[PDB]
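File shown: structure08.json. Contents: JSON, C-alpha atoms.
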[["chain", "number", "residue", "atom", "x", "y", "z"],
["A", 1, "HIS", "CA", -17.20, 10.15, -3.13],
["A", 2, "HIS", "CA", -16.72, 8.50, 0.27],
["A", 3, "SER", "CA", -14.47, 5.63, 1.38],
["A", 4, "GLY", "CA", -16.03, 3.11, 3.78],
["A", 5, "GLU", "CA", -19.73, 3.73, 3.33],
["A", 6, "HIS", "CA", -20.94, 0.08, 3.45],
["A", 7, "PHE", "CA", -17.87, -1.31, 1.68],
["A", 8, "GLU", "CA", -15.04, -3.52, 2.95],
["A", 9, "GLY", "CA", -11.34, -3.32, 2.05],
["A", 10, "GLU", "CA", -11.58, -6.07, -0.58],
["A", 11, "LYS", "CA", -8.17, -5.30, -2.20],
["A", 12, "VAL", "CA", -4.62, -6.53, -2.39],
["A", 13, "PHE", "CA", -2.54, -3.31, -2.12],
["A", 14, "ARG", "CA", 0.70, -4.68, -3.59],
["A", 15, "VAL", "CA", 3.76, -2.37, -3.79],
["A", 16, "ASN", "CA", 6.37, -1.87, -6.53],
["A", 17, "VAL", "CA", 9.27, 0.31, -5.38],
["A", 18, "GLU", "CA", 11.41, 1.76, -8.18],
["A", 19, "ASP", "CA", 14.27, 3.29, -6.24],
["A", 20, "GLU", "CA", 15.05, 5.07, -3.01],
["A", 21, "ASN", "CA", 12.47, 7.83, -3.75],
["A", 22, "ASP", "CA", 9.48, 5.45, -3.51],
["A", 23, "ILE", "CA", 10.98, 3.83, -0.39],
["A", 24, "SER", "CA", 11.53, 7.14, 1.35],
["A", 25, "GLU", "CA", 7.74, 7.66, 1.32],
["A", 26, "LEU", "CA", 6.30, 4.22, 2.16],
["A", 27, "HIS", "CA", 9.03, 3.90, 4.81],
["A", 28, "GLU", "CA", 7.38, 6.73, 6.79],
["A", 29, "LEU", "CA", 4.03, 4.92, 7.22],
["A", 30, "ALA", "CA", 5.97, 2.19, 9.09],
["A", 31, "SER", "CA", 6.23, 4.61, 12.07],
["A", 32, "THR", "CA", 2.43, 4.50, 12.25],
["A", 33, "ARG", "CA", 1.81, 1.46, 10.05],
["A", 34, "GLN", "CA", -1.95, 1.19, 9.76],
["A", 35, "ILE", "CA", -1.01, -1.61, 7.34],
["A", 36, "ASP", "CA", 1.03, -4.81, 7.73],
["A", 37, "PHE", "CA", 3.19, -6.41, 5.02],
["A", 38, "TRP", "CA", 2.86, -9.90, 3.55],
["A", 39, "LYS", "CA", 5.63, -11.12, 1.19],
["A", 40, "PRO", "CA", 8.49, -9.96, 1.75],
["A", 41, "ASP", "CA", 9.06, -6.60, 3.36],
["A", 42, "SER", "CA", 10.87, -5.81, 6.61],
["A", 43, "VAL", "CA", 10.68, -2.17, 5.41],
["A", 44, "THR", "CA", 14.07, -1.20, 6.88],
["A", 45, "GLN", "CA", 15.71, -3.23, 4.07],
["A", 46, "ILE", "CA", 13.40, -2.36, 1.13],
["A", 47, "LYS", "CA", 15.39, -1.36, -1.98],
["A", 48, "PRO", "CA", 14.75, -0.35, -5.67],
["A", 49, "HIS", "CA", 12.65, -2.19, -8.29],
["A", 50, "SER", "CA", 11.25, -4.50, -5.62],
["A", 51, "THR", "CA", 7.87, -6.22, -5.45],
["A", 52, "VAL", "CA", 6.13, -7.04, -2.12],
["A", 53, "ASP", "CA", 2.41, -7.43, -1.08],
["A", 54, "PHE", "CA", 0.09, -6.24, 1.80],
["A", 55, "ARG", "CA", -3.46, -7.80, 2.16],
["A", 56, "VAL", "CA", -7.18, -6.92, 2.13],
["A", 57, "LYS", "CA", -7.70, -4.91, 5.33],
["A", 58, "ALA", "CA", -10.56, -2.38, 5.62],
["A", 59, "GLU", "CA", -12.09, 0.47, 7.67],
["A", 60, "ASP", "CA", -8.94, 2.58, 7.85],
["A", 61, "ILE", "CA", -8.12, 1.95, 4.22],
["A", 62, "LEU", "CA", -8.86, 5.57, 3.23],
["A", 63, "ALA", "CA", -5.60, 6.78, 4.80],
["A", 64, "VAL", "CA", -3.65, 3.89, 3.34],
["A", 65, "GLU", "CA", -5.23, 3.99, -0.12],
["A", 66, "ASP", "CA", -4.86, 7.82, 0.00],
["A", 67, "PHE", "CA", -1.20, 7.60, 1.15],
["A", 68, "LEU", "CA", -0.87, 5.35, -1.88],
["A", 69, "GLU", "CA", -2.94, 7.31, -4.49],
["A", 70, "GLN", "CA", -2.41, 11.09, -4.01],
["A", 71, "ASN", "CA", 1.22, 10.35, -4.94],
["A", 72, "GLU", "CA", 0.63, 7.12, -6.88],
["A", 73, "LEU", "CA", 3.13, 5.38, -4.60],
["A", 74, "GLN", "CA", 3.56, 2.47, -7.04],
["A", 75, "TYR", "CA", 0.83, 0.26, -5.54],
["A", 76, "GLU", "CA", -0.88, -2.48, -7.56],
["A", 77, "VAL", "CA", -4.33, -3.96, -7.10],
["A", 78, "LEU", "CA", -5.74, -7.00, -8.92],
["A", 79, "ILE", "CA", -9.38, -6.05, -8.34],
["A", 80, "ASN", "CA", -10.13, -3.25, -10.82],
["A", 81, "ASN", "CA", -11.74, -4.48, -14.06]]
Rewrite the structure from the file as structure tokens, please.
Amino acid sequence: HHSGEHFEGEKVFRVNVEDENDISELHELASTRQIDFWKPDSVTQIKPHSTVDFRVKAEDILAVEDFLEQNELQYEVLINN
């Protein structure tokens, strides 16, 4: 299917890091953060089993949602069913 074909972002990409593995991936994005964090991040200090949130941004979502799905980088959304 497509991603951004008359749709918005309408999602709350929350994150749930388990350990350093998960961090090590999300951490990269920071360099070119298409996203911004909400409560509480400061990426440099993210550590295991932690829970932080992002926001409903759109248009460039595809890369973010992809960066979060292809690997299932423990992201949580409360707008599914």
Every residue with an atom at most 8 Å from (-8.0, -10.0, 2.0) (file coordinates; all atoms listed in the file) is what I'm after, so could you write them as a VMD selection string?
chain A and resid 9 to 12 55 to 57
Filtering to C-alpha atoms, could you give me those residues as a PDB file, in the coordinates of the input?
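Saved file selection.pdb follows:
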ATOM      1  CA  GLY A   9     -11.340  -3.320   2.050  1.00  0.00           C
ATOM      2  CA  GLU A  10     -11.580  -6.070  -0.580  1.00  0.00           C
ATOM      3  CA  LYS A  11      -8.170  -5.300  -2.200  1.00  0.00           C
ATOM      4  CA  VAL A  12      -4.620  -6.530  -2.390  1.00  0.00           C
ATOM      5  CA  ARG A  55      -3.460  -7.800   2.160  1.00  0.00           C
ATOM      6  CA  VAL A  56      -7.180  -6.920   2.130  1.00  0.00           C
ATOM      7  CA  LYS A  57      -7.700  -4.910   5.330  1.00  0.00           C
TER       8      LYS A  57
END
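Interatomic distance, atom CA of residue 58 of chain A to atom CA of residue 17 of chain A: 22.8 Å.
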For each of A:54, A:37, A:67, A:75, take the minimum atom-to-atom distance to residue 15 of chain A, counting all atoms listed in the file, then give the residue where this is smallest.
A:75
Contacts of segment 41-78 of chain A with segment 2-7 of chain A up to 10 Å, shortest pair per row, all atoms listed in the file, as JSON lines:
{"residue": "A:58", "atom": "CA", "partner": "A:4", "partner_atom": "CA", "distance": 8.0}
{"residue": "A:59", "atom": "CA", "partner": "A:4", "partner_atom": "CA", "distance": 6.1}
{"residue": "A:60", "atom": "CA", "partner": "A:4", "partner_atom": "CA", "distance": 8.2}
{"residue": "A:61", "atom": "CA", "partner": "A:3", "partner_atom": "CA", "distance": 7.9}
{"residue": "A:62", "atom": "CA", "partner": "A:3", "partner_atom": "CA", "distance": 5.9}
{"residue": "A:63", "atom": "CA", "partner": "A:3", "partner_atom": "CA", "distance": 9.6}
{"residue": "A:65", "atom": "CA", "partner": "A:3", "partner_atom": "CA", "distance": 9.5}
{"residue": "A:66", "atom": "CA", "partner": "A:3", "partner_atom": "CA", "distance": 10.0}
Please list as number ranges by chain every residue within 10 Å of residue 26 of chain A, counting all atoms listed in the file and excluding residues in the same chain fewer than 2 positions away.
A: 15, 17, 21-24, 28-31, 33, 43, 46, 67-68, 73-74
Selection: 7 Å around residue 39 of chain A, only C-alpha atoms, excl. self and same-chain fewer than 2 positions, as a ChimeraX atom specification:
/A:37,41,52-53
Just C-alpha atoms for this one: save the residues we selected as a PDB file, keeping the file's coordinate frame.
ATOM      1  CA  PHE A  37       3.190  -6.410   5.020  1.00  0.00           C
ATOM      2  CA  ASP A  41       9.060  -6.600   3.360  1.00  0.00           C
ATOM      3  CA  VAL A  52       6.130  -7.040  -2.120  1.00  0.00           C
ATOM      4  CA  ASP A  53       2.410  -7.430  -1.080  1.00  0.00           C
TER       5      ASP A  53
END
Mind filling out segment 9-22 of chain A with N, CA and C atoms and sending it as a compact mmCIF listing (two decimals), in the coordinates of the input?
# COMPACT_ATOMS: atom_id res chain seq x y z
N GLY A 9 -12.69 -3.76 2.53
CA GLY A 9 -11.34 -3.32 2.05
C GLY A 9 -11.13 -3.97 0.69
N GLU A 10 -11.62 -5.18 0.62
CA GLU A 10 -11.58 -6.07 -0.58
C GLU A 10 -10.50 -5.71 -1.63
N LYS A 11 -9.24 -5.64 -1.21
CA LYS A 11 -8.17 -5.30 -2.20
C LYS A 11 -6.85 -5.89 -1.75
N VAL A 12 -5.94 -5.97 -2.66
CA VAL A 12 -4.62 -6.53 -2.39
C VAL A 12 -3.55 -5.47 -2.70
N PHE A 13 -3.55 -4.41 -1.92
CA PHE A 13 -2.54 -3.31 -2.12
C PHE A 13 -1.09 -3.82 -2.21
N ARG A 14 -0.70 -4.19 -3.39
CA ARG A 14 0.70 -4.68 -3.59
C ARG A 14 1.57 -3.44 -3.80
N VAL A 15 2.86 -3.56 -3.60
CA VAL A 15 3.76 -2.37 -3.79
C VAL A 15 4.89 -2.70 -4.78
N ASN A 16 5.28 -1.70 -5.52
CA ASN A 16 6.37 -1.87 -6.53
C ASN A 16 7.35 -0.69 -6.40
N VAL A 17 8.32 -0.82 -5.55
CA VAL A 17 9.27 0.31 -5.38
C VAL A 17 10.21 0.39 -6.58
N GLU A 18 10.49 1.60 -7.01
CA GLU A 18 11.41 1.76 -8.18
C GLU A 18 12.81 2.03 -7.66
N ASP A 19 12.93 2.99 -6.81
CA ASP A 19 14.27 3.29 -6.24
C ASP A 19 14.12 3.81 -4.82
N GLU A 20 15.09 4.54 -4.38
CA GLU A 20 15.05 5.07 -3.01
C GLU A 20 13.90 6.07 -2.84
N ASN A 21 13.60 6.84 -3.87
CA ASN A 21 12.47 7.83 -3.75
C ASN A 21 11.23 7.15 -3.17
N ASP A 22 10.71 6.21 -3.93
CA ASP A 22 9.48 5.45 -3.51
C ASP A 22 9.62 4.96 -2.06
